[PDB]
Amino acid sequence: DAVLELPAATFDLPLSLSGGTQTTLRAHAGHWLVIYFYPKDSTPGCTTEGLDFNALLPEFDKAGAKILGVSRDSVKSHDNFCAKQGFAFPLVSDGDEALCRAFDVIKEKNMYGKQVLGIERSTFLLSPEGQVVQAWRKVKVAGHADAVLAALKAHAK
């Protein structure tokens, strides 16, 4: 049922969160986890996406899931973004792109006469046993959080 195999070490990577604590993916064993990668704090698309997930948080709570947003912005940036927007879930400051590389969300584009690497907006659903059971890549924000919730409900049943 896995759609993506992560390196075993991924699950023990210390993930720096907004608010100054750390988590790991293994620490989330026992419940569903939505991991959404976004390119940049405090931009229109990324703010819309975060607010959409935030508005649905009680539905994720019903269904036994936690949410983590991920970008490579700093903890301080994340703290500002969370405070301004009122997010009630954490943001991972993946400053070294360790988590991004594990999920293969750093994508290359031929532009400006060069090879340019950047975060591709992408979301994943991790089962209570740490399996990646659904992936969305090159995400369109509109309708996305709703679609992720619907997929979670389908998988969790």
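What we label the rigid core is the largest C-alpha set whose atoms superpose within 1.5 Å from one form to the other. So that there is no doubt, residue numbering starts at 1 and follows the sequence shown.
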item	value
RMS CA shift, core-fitted in 6 other deposited structures of this protein, bigger for 127-135 or for 103-111	103-111
Comparing 11-19 and 144-152 where Cα RMS over structures and residues is taken in 6 other deposited structures of this protein (core fit), larger one	11-19
Coordinates lacking for residue 78, a third or more of other entries	yes
Higher-B stretch (mean Cα B-factor, as the entry records it), 113-121 or 34-42	113-121
Per the entry, higher mean C-alpha B factor between 103-111 and 64-72	103-111
Per the PDB entry, maximal CA B factor within 17, 9, 135, 148	9
Position of residue 90 among the chain's modelled residues by C-alpha B-factor, lowest, middle or highest third	lowest
Residue 129 CA temperature factor, ranked by third within the chain	highest
